[PDB]
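Worksheet: the structure to be examined is printed underneath.
In the entry's author numbering, the protein residues as written are 1 to 163, 1075 to 1164.
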């Protein structure tokens, strides 16, 4: 896991314009278009950011280009900040990802507002920082995510962020799932010939008492039918929803 996978989880993927949790016009993988209320303003920025008349809709690849830009902006952002950089330079890779995440969300200026918790982070006072972070406005607006970032700072582990991979063993697809609550990982070997999406999803639920919602979508956000063959599912990427989180899965060719 890393900052890139971490943000995919937190930000998701949308190929049409929408309104993030603050109600600002957003597209792609958490790309803020504008803080303007005007939808037309937001469409203008979209087309500029891409270099063509998008009509409010972008390709997966255009989303990934923006995304790789925004992270790079956020990381270069941090390092043009005397407040944020020494903090950043101390931290192991995992905690840096937490900070890049926070900036990415809010960002560079808004994150230097937290003198309170940044001092604590530099000193390696992990729990204290976390306690302090959960005090903020940030936590109350988007508590869902703030909790996951905060746990990353507290622990320096990826425990709040699960993962989902596909590898072939013995010519069969094996899907491994780390739930974001726990270890261990769990894997599900499947028969593409005869297993279906719905079979896989029932196995997933039967596996974990606390899974209350499972679903599979295409990249473009269309629900994939339960009776669809695993063989077909694995011809392309797909998104797996498990409770609050959506994982973008990328099977091999």
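Just so it is clear, CB atoms sit at the ideal spot from N, CA and C, and this is done for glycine as well.
Checklist entry - My guess is that residue 153 and residue 134 are in contact by the Cβ rule of under 8 Å, so how many angstroms apart are they, rounded? => result Numbered from 1 along the chain shown, position 153 holds the residue referred to as residue 153. Numbered from 1 along the chain shown, position 134 holds the residue referred to as residue 134. Their Cβ separation, rounded to whole angstroms, is 11 Å, which puts residue 153 and residue 134 out of contact at 8 Å.
Next on the checklist: What does the alpha-carbon distance come out to for the pair residue 10 and residue 1080?
Outcome noted: Stepping through the chain shown from its first residue, residue 10 is reached at position 10. Stepping through the chain shown from its first residue, residue 1080 is reached at position 169. Straight-line Cα distance between these residues: approximately 30 Å.
Item to check | Selection from 19, 21, 30, 26 that minimises the alpha carbon distance to residue 8 | outcome: Against the chain shown, residue 8 aligns to sequence position 8. Checked all of 19, 21, 30, 26; the closest Cα to residue 8 is 30.
Next on the checklist: Measuring straight from C-alpha to C-alpha, what distance separates residue 102 and residue 1128?
Outcome noted: Along the chain shown, read from residue 1 onward, the residue named residue 102 stands at position 102. Along the chain shown, read from residue 1 onward, the residue named residue 1128 stands at position 217. Answer to the nearest angstrom: the Cα atoms are 27 Å apart.
Checklist entry - The beta strand (DSSP E) spanning residue 107 covers which residue range? => result Taking the first residue of the chain shown as position 1, residue 107 is located at position 107. Premise fails: residue 107 is in no beta strand (DSSP E) and is neither H nor E.
Checklist entry - Where residue 109 and residue 1131 are concerned, what is the direct C-alpha to C-alpha distance, given to the nearest angstrom? => result By 1-based counting over the chain shown, the position of residue 109 is 109. By 1-based counting over the chain shown, the position of residue 1131 is 220. Near 33 Å, if we compare the C-alpha coordinates of residue 1131 and residue 109.
Next on the checklist: Using a Cβ-Cβ cutoff of less than 7 Å, which residues in the same chain neighbour residue 1156 once the five nearest sequence positions on both sides are dropped?
Outcome noted: As a working mapping, residue 1156 is identified with position 245 in the chain shown. If we look at residue 1156 and ignore the five residues flanking it on each side, its Cβ neighbours are 9, 162, 1091.
Checklist entry - Taking contact to mean at least 3 C-beta pairs separated by less than 8 Å, is the stretch 69-80 in contact with the stretch 91-107? => result Yes: at least three Cβ pairs fall under 8 Å.
Item to check | Beta-ladder partner(s) of residue 19, from DSSP | outcome: Start at 1 with the first residue of the chain shown, and residue 19 comes out as number 19. Its beta-bridge partners are 25.
Checklist entry - I think residue 34 touches residue 42, with their Cβ atoms under 8 Å apart; what is that distance to the nearest whole Å? => result As a first step, residue 34 must be located in the chain shown, where it is residue number 34. As a first step, residue 42 must be located in the chain shown, where it is residue number 42. With 8 Å as the limit, residue 34 and residue 42 qualify as a contact, their Cβ atoms being about 5 Å apart.
Item to check | Nearest-angstrom Cβ-Cβ length linking residue 1088 and residue 1144, presumed shorter than 8 Å | outcome: Within the chain shown, numbered from 1, the residue matching residue 1088 stands at position 177. Within the chain shown, numbered from 1, the residue matching residue 1144 stands at position 233. Actually they do not touch by this definition, with Cβ atoms about 15 Å apart.
Checklist entry - Is the stretch 79-97 touching the stretch 140-156 in the sense that three or more CB pairs, one from each, lie closer than 8 Å? => result The stretch 140-156 is in contact with the stretch 79-97.
Item to check | Given residue 27 as reference, the closest of 60, 1078, 87 once Cα atoms are compared | outcome: Stepping through the chain shown from its first residue, residue 27 is reached at position 27. Taking only the C-alpha atoms, the option nearest residue 27 is 60.
Item to check | Buried or exposed (CB count within 10 angstroms, at least 16 for buried), residue 79 | outcome: Taking the chain shown and counting its residues from 1, one reaches residue 79 at position 79. Here residue 79 is exposed: its Cβ has fewer than 16 other Cβ atoms, across all protein chains shown, within 10 Å.
Checklist entry - Sorry if obvious, but does the Cβ on residue 1106 come closer than 8 Å to a heavy atom of the ligand COA? => result Absence of the ligand COA from the depicted structure is noted, as is the absence of any ligand whatsoever, leaving it without description.
Next on the checklist: Can you give me the C-alpha to C-alpha distance between residue 132 and residue 1146, rounded to a whole angstrom?
Outcome noted: Walking along the chain shown from the start, residue 132 turns up at place 132. Walking along the chain shown from the start, residue 1146 turns up at place 235. So the two alpha carbons sit approximately 46 Å from each other.
Next on the checklist: Between the alpha carbons of residue 116 and residue 62, how many angstroms are there, rounded?
Outcome noted: Your numbering for residue 116 matches position 116 in the chain shown. Your numbering for residue 62 matches position 62 in the chain shown. If you take the alpha carbons of residue 116 and residue 62, they lie about 38 Å apart.
Next on the checklist: Quick check on residue 52: does DSSP put it in helix, strand or coil?
Outcome noted: Your numbering for residue 52 matches position 52 in the chain shown. If DSSP states are grouped into helix, strand and coil, residue 52 belongs with coil.
Checklist entry - CB-CB under 7 Å to residue 1135, same chain, minus the five flanking residues each way: which ones, in chain order? => result The sequence position of residue 1135 within the chain shown is 224, counting from 1. Closer than 7 Å at Cβ, skipping near neighbours: 1108, 1127, 1128, 1129, 1144, 1149.
Checklist entry - By how many angstroms is the C-alpha of residue 12 removed from the C-alpha of residue 1116? => result Your numbering for residue 1116 matches position 205 in the chain shown. Your numbering for residue 12 matches position 12 in the chain shown. Cα to Cα, residue 1116 sits roughly 22 Å from residue 12.
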